[PDB]
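Just so it is clear, none of the values below were taken in a lab; they were calculated from the coordinates. No Cβ is skipped: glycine too gets one built from the backbone with ideal geometry, and neighbour counts run over all protein chains shown.
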Amino acid sequence: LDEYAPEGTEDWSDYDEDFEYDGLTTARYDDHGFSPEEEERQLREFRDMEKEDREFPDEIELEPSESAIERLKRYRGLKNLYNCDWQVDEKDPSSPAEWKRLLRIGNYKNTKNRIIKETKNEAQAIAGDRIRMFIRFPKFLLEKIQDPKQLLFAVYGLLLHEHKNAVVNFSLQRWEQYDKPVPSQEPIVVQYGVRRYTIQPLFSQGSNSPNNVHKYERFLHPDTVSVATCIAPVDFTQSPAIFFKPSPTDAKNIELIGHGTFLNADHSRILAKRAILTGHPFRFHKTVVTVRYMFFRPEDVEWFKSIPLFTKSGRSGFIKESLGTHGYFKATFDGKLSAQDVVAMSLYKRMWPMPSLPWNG
């Protein structure tokens, strides 16, 4: 009778990588390189953030006085997400501690079929029978109960180890005629099976990848069905999930944000918080392009000499040498690029699922 089982700690005892981030002379690319008013203001700011995300996906502006080294010391500058060897056993301060105490389900479908078979066979009580059920129950919750003759009281069974929470991946289809901005961190009440939990689901796209790593969506996709990563008790029946938020000002105390089903109980689905840095190419020689307004110190340029440079017209290239102390540098590209294009750094961060709490009332 616990959310975090004691037997879920001994299985993940083999520490694999203990890589440090302070003893590096450059970025970690050694693998392939060298009260209603506040709510209204918050809603308007979230709409602004959503539209900014729509035109500018992961763009961050750098201040001249603030060096990029001390905010970009824990980032990852790997070339491609679908080919590099990601891992799920890293040790980072952003990892939750209770991630140590989660039941790591290897496969979901076969174990789900096995536990359905077990509930079919081992159930000594045949379905469709009259049962006197003498259950332990606390004193104070005797206050909340009403008479059963005017209110429906139902009992729903549970499977093995379902109180022990794990990493959950849900499907997200938006409600019809619905456009409310929802981020990946705000608390949404999710009713799956019968149970209702305050879940903060991290948004992503359910496109398959060879390393089971996907882009962390900061907001819900307005067109395609998204995938939701969180930590929650696992339902082995793949019940549909109703995503809502109770609203007192509305006639109903339910606000339907979306719907979907529980996809997968897999711990390997981690998220890649991406960060894209903008730049304007200043001048163009036939083979060398000198580029302005990326950094503001040359030591940034020698720190980020290994991360590839990409242009949204679809043009990749590498650095050559640091030109000046204002952030200019010379770069070698493949094709001919004009002043209307924008160049960009791409960085990635390992990003972990968060625990969830049950919802009552």
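Within the stretch 109-135, the residues that satisfy the criterion of being of a type outside the set (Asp, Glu), in a loop (DSSP other than H, G, I, E, B) and exposed (fewer than 10 other Cβ atoms within 10 Å of the Cβ) are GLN124, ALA125, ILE126, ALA127, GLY128, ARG130, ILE131, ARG132, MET133, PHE134, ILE135.
Regarding the stretch 197-218, can at least one residue be identified that is among the acidic types (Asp, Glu), closer than 13 Å to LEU263 by Cβ and either within 15 Å of the chain's Cα centre (by Cα) or outside any strand (DSSP E or B) (or both)? No, the stretch 197-218 contains no residue that is among the acidic types (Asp, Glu), closer than 13 Å to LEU263 by Cβ and either within 15 Å of the chain's Cα centre (by Cα) or outside any strand (DSSP E or B) (or both). Residues considered: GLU66, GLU98, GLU90. Of these, the only one that is over 19 Å from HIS32 (Cβ atoms), out of contact with any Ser or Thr (no Cβ under 7 Å at 6 or more places or on another chain) and in a loop (DSSP other than H, G, I, E, B) is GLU66. Each residue in the stretch 155-192 was checked for being within 18 Å of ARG101 (Cα to Cα), touching a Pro at 6+ places or on another chain (Cβ under 8 Å) and assigned to a loop (DSSP other than H, G, I, E, B), and 4 pass. Determine whether the stretch 295-304 contains at least one residue that is part of a strand (DSSP E or B) and surrounded by 15 or more Cβ atoms within 10 Å (Cβ to Cβ). Within the stretch 295-304 (the criterion being part of a strand (DSSP E or B) and surrounded by 15 or more Cβ atoms within 10 Å (Cβ to Cβ)), the answer is no, since none of the residues qualifies. If you go through the stretch 308-340 and keep only what is farther than 15 Å from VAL288 by Cβ, more than 27 Å from the chain's Cα centre (by Cα) and buried (at least 16 other Cβ atoms within 10 Å of the Cβ), you end up with just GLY327. Filtering the stretch 89-108 to residues that are surrounded by fewer than 12 Cβ atoms within 10 Å (Cβ to Cβ) and basic (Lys, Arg) leaves only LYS91.
Among the residues of the stretch 136-154, the one identified as of a type in the set (A, V, I, L, M, F, W, C), over 39 Å from the mean Cα position of the chain (by Cα) and either part of a loop (DSSP other than H, G, I, E, B) or within 19 Å of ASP235 (Cα to Cα) (or both) is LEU151.
Do we have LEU271 as of a type in the set (A, V, I, L, M, F, W, C), part of a strand (DSSP E or B) and under 15 Å from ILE105 (Cβ atoms) here? Considered against the rule, which asks whether it is of a type in the set (A, V, I, L, M, F, W, C), part of a strand (DSSP E or B) and under 15 Å from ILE105 (Cβ atoms), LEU271 comes out as no. Within the stretch 244-259, residues that are assigned to a loop (DSSP other than H, G, I, E, B) sit with their Cβ atoms under 8 Å from residues that are of a type in the set (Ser, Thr, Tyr) and surrounded by fewer than 16 Cβ atoms within 10 Å (Cβ to Cβ), at 6+ positions apart or across chains, in these pairs: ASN253/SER247; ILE254/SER247; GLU255/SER247.
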